[PDB]
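Source file: query-v6.cif (mmCIF, C-alpha atoms)
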```
data_work
loop_
_atom_site.label_atom_id
_atom_site.label_comp_id
_atom_site.auth_asym_id
_atom_site.auth_seq_id
_atom_site.Cartn_x
_atom_site.Cartn_y
_atom_site.Cartn_z
CA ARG A 2 5.64 5.10 2.95
CA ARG A 3 7.70 4.16 -0.10
CA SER A 4 6.57 5.39 -3.52
CA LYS A 5 7.16 4.05 -7.00
CA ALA A 6 9.35 7.11 -7.54
CA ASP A 7 11.50 6.19 -4.54
CA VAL A 8 12.19 2.73 -5.97
CA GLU A 9 12.92 4.11 -9.43
CA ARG A 10 15.56 6.44 -7.95
CA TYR A 11 17.41 3.43 -6.51
CA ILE A 12 17.17 1.48 -9.75
CA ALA A 13 18.65 4.53 -11.52
CA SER A 14 21.52 4.63 -9.04
CA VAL A 15 22.33 0.98 -9.76
CA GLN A 16 22.16 1.65 -13.51
CA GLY A 17 24.63 4.51 -13.13
CA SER A 18 27.25 2.60 -11.13
CA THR A 19 26.98 -1.11 -11.98
CA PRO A 20 25.39 -1.11 -15.42
CA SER A 21 25.99 -4.64 -16.81
CA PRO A 22 23.05 -6.99 -17.33
CA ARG A 23 24.12 -9.33 -14.53
CA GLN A 24 24.98 -6.43 -12.23
CA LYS A 25 21.47 -5.08 -12.59
CA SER A 26 19.94 -8.54 -12.20
CA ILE A 27 21.96 -9.33 -9.05
CA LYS A 28 20.22 -6.30 -7.36
CA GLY A 29 16.84 -7.65 -8.24
CA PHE A 30 15.99 -9.05 -4.80
CA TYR A 31 16.53 -5.57 -3.35
CA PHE A 32 14.37 -4.07 -6.07
CA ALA A 33 11.64 -6.64 -5.43
CA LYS A 34 11.55 -6.02 -1.68
CA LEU A 35 11.38 -2.24 -2.23
CA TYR A 36 8.56 -2.54 -4.75
CA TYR A 37 6.80 -4.81 -2.21
CA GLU A 38 7.23 -2.04 0.43
CA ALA A 39 5.66 0.21 -2.26
CA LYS A 40 2.76 -2.15 -3.17
CA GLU A 41 3.94 -2.77 -6.74
CA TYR A 42 3.53 -6.52 -6.66
CA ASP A 43 3.80 -7.13 -10.38
CA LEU A 44 7.06 -5.18 -10.48
CA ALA A 45 8.28 -7.07 -7.37
CA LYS A 46 7.64 -10.36 -9.21
CA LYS A 47 9.39 -9.03 -12.33
CA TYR A 48 12.51 -8.05 -10.42
CA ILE A 49 12.76 -11.15 -8.20
CA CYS A 50 12.61 -13.16 -11.44
CA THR A 51 15.62 -11.24 -12.83
CA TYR A 52 17.50 -12.17 -9.66
CA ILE A 53 16.48 -15.85 -9.72
CA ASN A 54 17.80 -16.01 -13.29
CA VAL A 55 21.34 -15.14 -12.10
CA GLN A 56 21.20 -16.70 -8.59
CA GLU A 57 19.06 -19.74 -9.24
CA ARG A 58 20.11 -21.58 -6.08
CA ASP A 59 19.12 -18.82 -3.62
CA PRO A 60 16.33 -20.39 -1.53
CA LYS A 61 15.16 -17.03 -0.15
CA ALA A 62 14.28 -15.62 -3.60
CA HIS A 63 11.84 -18.50 -4.50
CA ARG A 64 10.31 -18.24 -1.11
CA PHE A 65 9.68 -14.51 -1.57
CA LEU A 66 8.13 -15.10 -4.99
CA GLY A 67 5.99 -17.77 -3.31
CA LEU A 68 4.90 -15.24 -0.70
CA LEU A 69 3.85 -12.81 -3.50
CA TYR A 70 1.79 -15.58 -5.15
CA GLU A 71 0.33 -16.70 -1.79
CA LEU A 72 -0.87 -13.15 -1.15
CA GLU A 73 -2.72 -13.34 -4.49
CA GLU A 74 -4.26 -16.67 -3.54
CA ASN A 75 -2.43 -18.27 -6.49
CA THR A 76 -2.09 -21.68 -4.91
CA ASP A 77 -0.32 -23.50 -7.74
CA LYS A 78 2.38 -20.89 -8.25
CA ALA A 79 2.90 -20.41 -4.49
CA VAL A 80 3.29 -24.15 -4.02
CA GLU A 81 5.68 -24.37 -6.98
CA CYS A 82 7.86 -21.62 -5.49
CA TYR A 83 7.79 -23.01 -1.95
CA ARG A 84 8.56 -26.50 -3.22
CA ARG A 85 11.64 -25.16 -5.08
CA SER A 86 12.74 -23.23 -1.98
CA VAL A 87 12.46 -26.37 0.18
CA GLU A 88 14.37 -28.40 -2.35
CA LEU A 89 17.22 -25.86 -2.26
CA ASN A 90 17.19 -25.51 1.53
CA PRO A 91 15.38 -28.41 3.19
CA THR A 92 15.97 -27.03 6.69
CA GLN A 93 12.81 -24.98 5.98
CA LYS A 94 10.46 -27.46 7.63
CA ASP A 95 7.97 -24.62 7.95
CA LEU A 96 7.44 -24.54 4.18
CA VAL A 97 6.34 -28.20 4.19
CA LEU A 98 3.55 -27.32 6.64
CA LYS A 99 2.78 -24.17 4.62
CA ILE A 100 2.39 -26.15 1.39
CA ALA A 101 0.08 -28.65 3.13
CA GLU A 102 -2.02 -25.80 4.52
CA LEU A 103 -2.33 -24.01 1.17
CA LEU A 104 -3.37 -27.11 -0.72
CA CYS A 105 -5.99 -28.04 1.87
CA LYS A 106 -7.40 -24.52 1.92
CA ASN A 107 -7.66 -24.43 -1.88
CA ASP A 108 -8.89 -27.84 -3.06
CA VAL A 109 -8.46 -31.38 -1.78
CA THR A 110 -9.24 -33.37 -4.89
CA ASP A 111 -6.14 -33.65 -7.09
CA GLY A 112 -4.45 -35.57 -4.28
CA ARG A 113 -1.48 -33.33 -3.50
CA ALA A 114 -2.87 -32.36 -0.12
CA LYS A 115 -2.51 -35.94 1.24
CA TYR A 116 1.10 -36.13 0.12
CA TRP A 117 2.10 -32.88 1.85
CA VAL A 118 0.12 -33.54 5.03
CA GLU A 119 2.03 -36.81 5.45
CA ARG A 120 5.36 -35.10 4.97
CA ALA A 121 4.36 -32.37 7.42
CA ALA A 122 3.23 -34.97 9.98
CA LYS A 123 6.71 -36.47 9.91
CA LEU A 124 8.43 -33.09 10.38
CA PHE A 125 6.03 -31.88 13.10
CA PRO A 126 5.03 -34.90 15.19
CA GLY A 127 2.01 -34.32 17.35
CA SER A 128 1.29 -30.95 15.72
CA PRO A 129 -2.32 -29.79 16.08
CA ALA A 130 -1.84 -27.79 12.87
CA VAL A 131 -1.19 -31.05 11.04
CA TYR A 132 -3.99 -32.91 12.83
CA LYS A 133 -6.50 -30.28 11.65
CA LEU A 134 -5.48 -30.96 8.06
CA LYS A 135 -5.65 -34.74 8.56
CA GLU A 136 -9.19 -34.32 9.97
CA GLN A 137 -10.18 -32.34 6.86
CA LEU A 138 -8.78 -35.09 4.62
CA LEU A 139 -10.56 -37.81 6.62
CA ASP A 140 -13.83 -35.87 6.33
CA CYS A 141 -13.69 -35.91 2.51
CA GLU A 142 -12.66 -39.56 2.07
CA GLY A 143 -14.89 -41.64 -0.14
CA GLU A 144 -16.58 -44.76 1.18
CA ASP A 145 -15.65 -48.27 0.10
#
```

Kindly present the structure from the file in structure tokens form.
Amino acid sequence: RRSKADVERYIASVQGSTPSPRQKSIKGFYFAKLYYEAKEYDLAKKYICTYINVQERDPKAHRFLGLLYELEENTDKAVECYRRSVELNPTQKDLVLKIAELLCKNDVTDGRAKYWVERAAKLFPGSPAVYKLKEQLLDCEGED
């Protein structure tokens, strides 16, 4: 049970001890996670963005922003964030499957779903999770 007031007290502590713009921004992942604990999703997005601005190559921060968008069923923004996270740390094979799953769940008509299913198939050979997506794509194929 974390309240808005609890998170504000921590932000105030940071402001009192490390008050520069970058110093406040570099605590923004902590602030975002605490607001998430406290169900303040808009504020969590605001603060993870301050952190990404000063630590742009941190793959965990884009992934967390992607998680926030995914929870809102904002497919395009979630995919954008997960794609950036993968680019920064491509050991996250899981995010390739996640992107394929999100696109297939949302809409299989702009063509991105096929692209990501193929990449996921390569990273997870024989995966039934991937085969389910390939079946869905085959079902919606047009006829010659």

Margin query: Suppose a student applies the PyMOL selection byres ((chain A and resi 40-52) around 12) to this structure; what residues should they get, written as a PyMOL selection string?
Written below: chain A and resi 2-9+12+22-39+53-73+78+82

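Distances from A:139, A:124, A:100, A:130 to residue A:77 were compared using all atoms listed in the file, and the smallest one belongs to A:100.
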
Margin query: To one decimal place in Å, what is the distance between atom CA of residue A:105 and atom CA of residue A:131?
Written below: 10.8 Å

Next item on the list: To verify the selection step, state as number ranges by chain which residues the PyMOL selection byres ((chain A and resi 120) around 10) yields on this input.
Entry: A: 94, 97-98, 101, 115-119, 121-125, 131

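Between atom CA of residue A:111 and atom CA of residue A:87 the interatomic distance comes to 21.3 Å.
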
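Each of A:99, A:112, A:138, A:93 was compared to residue A:80 using all atoms listed in the file, and A:99 turns out to be the nearest.
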
Please determine an axis-aligned box that encloses all atoms of stretch 88-100 of chain A listed in the file, with 5 Å added on each side, and express its centre and edge lengths in Å to one decimal as AutoDock Vina command-line options.
```
--center_x 9.8 --center_y -26.3 --center_z 2.8 --size_x 24.8 --size_y 14.2 --size_z 20.3
```

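In this structure, atom CA of residue A:132 sits 11.1 Å away from atom CA of residue A:102.
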